[PDB]
There are 6 protein chains.
Amino acid sequence: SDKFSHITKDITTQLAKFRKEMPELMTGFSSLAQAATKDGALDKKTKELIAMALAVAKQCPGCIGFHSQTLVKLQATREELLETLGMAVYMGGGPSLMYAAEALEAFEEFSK
Amino acid sequence: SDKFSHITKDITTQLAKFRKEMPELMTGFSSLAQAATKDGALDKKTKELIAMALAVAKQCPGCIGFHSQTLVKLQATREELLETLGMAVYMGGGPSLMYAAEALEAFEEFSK
Amino acid sequence: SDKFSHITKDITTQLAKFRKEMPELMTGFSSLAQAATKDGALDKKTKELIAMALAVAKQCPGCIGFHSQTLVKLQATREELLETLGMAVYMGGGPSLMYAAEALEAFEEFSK
Amino acid sequence: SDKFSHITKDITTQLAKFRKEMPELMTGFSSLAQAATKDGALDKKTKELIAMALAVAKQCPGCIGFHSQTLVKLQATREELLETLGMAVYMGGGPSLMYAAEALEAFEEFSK
Amino acid sequence: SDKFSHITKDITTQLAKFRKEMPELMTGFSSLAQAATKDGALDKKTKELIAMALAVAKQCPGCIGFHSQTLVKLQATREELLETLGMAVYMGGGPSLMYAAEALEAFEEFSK
Amino acid sequence: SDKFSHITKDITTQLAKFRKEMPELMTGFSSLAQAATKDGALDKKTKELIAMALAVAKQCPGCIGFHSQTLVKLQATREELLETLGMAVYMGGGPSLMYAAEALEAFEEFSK
Ligand code: NA
Ligand code: NA
Ligand code: NA
Ligand code: NA
Ligand code: NA
Ligand code: NA
Ligand code: NA
Ligand code: NA
Ligand code: NA
């Protein structure tokens, strides 16, 4: 019931080490991430929906964890999430359907 | 200068046979594709931006070709494309940058 | 000892939600899946062996779960499974060997 | 019309050097390949159909080229190929369809 | 606290079955692996750092497990590991950062 | 004989636009790339050998092109390249062999 909470927490504790021990690298990465996700022609929620689809296509539970968490914070609706997942399924078939299930689980977990 | 026109045309020629010879499979596929891309909580343009990011992440010149063509049809702006490519680069690093290049080329080609 | 039983059960509960909330999409997907796996020039067991190899190549525990379960139901032998896995290893190297191990574990789990 | 002939020939030219300069590696590889593809519980044609599905899932024109050539040698039927491509599409969605196109083209090319 | 110990142990028990039941295949694979990793122009530690980067790029917990274990045995430093991981992040973006976190966790686990 | 020269030049032409139109993103990216590839516990040549293995594993002709060019600049030996390709083949099987072919071709092209 706290599967993705644990995944994201555990990754975050390792990432704190990276930020201390590879500070130039992580500063560069942070700049990339912030530039990619900032408000622009596409708003932040829309970019995070794009991120969620990518997370599912890349079959990465950590990404699914963090971006579903962010989507809840950005107040994405369940319907907006499902429709993003549908795009991943169309462009990934069976395996993306499996990770779409995980993304729904993550989103529901972080939704309370 | 006709690079992605030729890529998409050549794929379409092969798929024309596949569609007729595997009609149950491909009516299944087309219905999945239509269901995924239809207007809903997300509009069609937004879903095609998601498709473009996925095409780049999948490193697939054919997908990039078809979805760039569709983005032009849906009148996505250059800036909307750029920002969705930005998300692919954040989630894919160096290799995604190589296919962001292809997406920009394809988009420009189909924009005339 | 019930690792893959739990994986598949958990995915199935999310998929029931998808079937209710994205019924056109899941109907389309179901049609695709049924057309792909139905008896033809290749029998159903052979297509599921193909699916198992793909599941291993795609490194997807959910797919490995469901298709190993189906292989047992279709009465695939252990030798037929291993030889399919061998093909994945030849075309995937080290990482596919890791997921081949998981596929054997799944198959043995569902075999009683 | 000689597309996959040239792709495979060009790869073979490069690999000819690699095989002589990394002979321990490549005798290791060839023995793995032979062991994987040998007749067993699954016959050779069936294993090459599995290889074709994997080649498509790996989105690799070179693999698609070589394995289509081998399928013709093993006298796989067009319908057997179509059904294995069907499985790749079910497990890969849109992007796999782009490489199913290439597999059909390659198979036709080597069929004369 | 013994996550990767369990992953590698469990894979190893299945691999013992493969070695008995597909002895030609596993002999071939073993030859490939030994030729790839043996001392040469690049020493063994350097090749294992290459393996670790590949394991992260391929998002394979099993590979991450075994190669981090080998790196400790080869007395790779923590700094050598982090810098390898940094290369994976540069060429993988967000998702490789997630698996880099897992690789650090694995390395620390096997380091005592 | 100018294959990878043209590939890299063509990508660079597209990216020249991308860099100016997404300057926050791409200054972020360049700083990440520089931070990742800088001399440290691993020297620059070693990191570029890691990058080459990753490029091959990602099956990306563009990456293979750019990183082969850089390897020549860093005066990597042919044998150092061969051994890093060996690692990619061990971790990728048949498909990686197809891109090892491309890496050898690119390296030879940029070596003159
Ligand atoms: Na640093
Ligand atoms: Na599936
Ligand atoms: Na790169
Ligand atoms: Na629907
Ligand atoms: Na491995
Ligand atoms: Na597509
Ligand atoms: Na054997
Ligand atoms: Na991410
Ligand atoms: Na192959």
Side-chain angles (χ1 to χ4, degrees), chain B residues 3-38 47-71 88 92 95-96 98-99 102-103 106, chain D residues 1-8 10-11 49-50 52-69 71-72 75-112:
Chain B
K3 184 196 145 144
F4 284 92
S5 179
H6 283 119
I7 284 166
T8 52
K9 284 171 141 68
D10 292 353
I11 289 170
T12 292
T13 298
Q14 298 304 332
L15 289 185
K17 307 172 223 173
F18 192 68
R19 290 172 73 147
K20 292 183 163 167
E21 295 178 57
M22 295 285 290
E24 288 195 271
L25 196 275
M26 287 309 294
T27 54
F29 184 77
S30 67
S31 71
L32 171 63
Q34 292 304 117
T37 53
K38 67 185 174 174
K47 287 180 183 189
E48 274 299 321
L49 288 166
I50 292 167
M52 176 58 76
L54 292 173
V56 165
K58 303 260 184 176
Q59 307 185 358
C60 179
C63 289
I64 289 165
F66 286 109
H67 291 292
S68 59
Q69 192 172 29
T70 304
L71 280 177
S96 277
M98 310 292 99
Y99 293 94
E102 290 190 17
Chain D
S1 73
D2 282 335
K3 184 196 145 144
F4 284 92
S5 179
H6 283 119
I7 284 166
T8 52
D10 292 353
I11 289 170
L49 288 166
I50 292 167
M52 176 58 76
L54 292 173
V56 165
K58 303 260 184 176
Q59 307 185 358
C60 179
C63 289
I64 289 165
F66 286 109
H67 291 292
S68 59
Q69 192 172 29
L71 280 177
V72 171
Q75 300 178 22
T77 65
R78 184 181 179 89
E79 177 66 19
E80 284 168 339
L81 172 71
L82 290 175
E83 293 184 15
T84 195
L85 298 181
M87 289 299 303
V89 174
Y90 157 50
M91 321 236 53
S96 277
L97 198 53
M98 310 292 99
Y99 293 94
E102 290 190 17
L104 196 52
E105 188 188 353
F107 185 77
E108 284 184 9
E109 174 178 344
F110 290 119
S111 294
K112 307 338 214 178

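Numbered from 1 within each chain, the chains take letters A, B, ... in sequence-line order. Only this structure's heavy atoms are used, side chains among them; waters, hydrogens and symmetry mates stay out.
By the 4.5 Å heavy-atom criterion applied to side chains, B:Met26 and D:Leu97 are counted as neighbours. Here the side chains of B:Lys17 and D:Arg78 are in contact, with some heavy-atom distance below 4.5 Å.
In this structure, the separation between CG on D:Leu104 and CE on B:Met22 is 11.0 Å, given to the nearest 0.5 Å. For the atom pair CE (D:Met98) and CG (B:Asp10), the distance works out to 12.0 Å, reported to the nearest 0.5 Å.
With a 4.5 angstrom heavy-atom cutoff, B:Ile11 touches chain D via backbone and side-chain atoms both. The part of B:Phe29 that comes within reach of chain D is its side chain, from C-beta onward, which places non-hydrogen atoms under 4.5 angstrom from that chain. Looking at D:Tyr90, there are no atoms closer than 4.5 Å to chain B (heavy atoms on both sides), in backbone or side chain. Only the side chain of D:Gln59 comes within contact range of chain B, with at least one heavy atom under 4.5 Å from a heavy atom of that chain. Interface remark: D:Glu102 contributes no atoms to any contact with chain B (heavy atom separation under 4.5 Å).
The minimum heavy-atom distance linking B:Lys58 with D:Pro95 is given by the pair CD-CG, 3.9 Å.
The environment of NZ in B:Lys9 is sparse: at most 12 heavy-atom neighbours from other residues, nucleotides or ligands sit within 6.0 Å. The local environment of CD in B:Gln34 is sparse, with at most 12 non-hydrogen atoms from other residues, nucleotides or ligands closer than 6.0 Å. Counting non-hydrogen atoms of other residues, nucleotides and ligands closer than 6.0 Å to CD of B:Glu24 gives a total of 12 or fewer.
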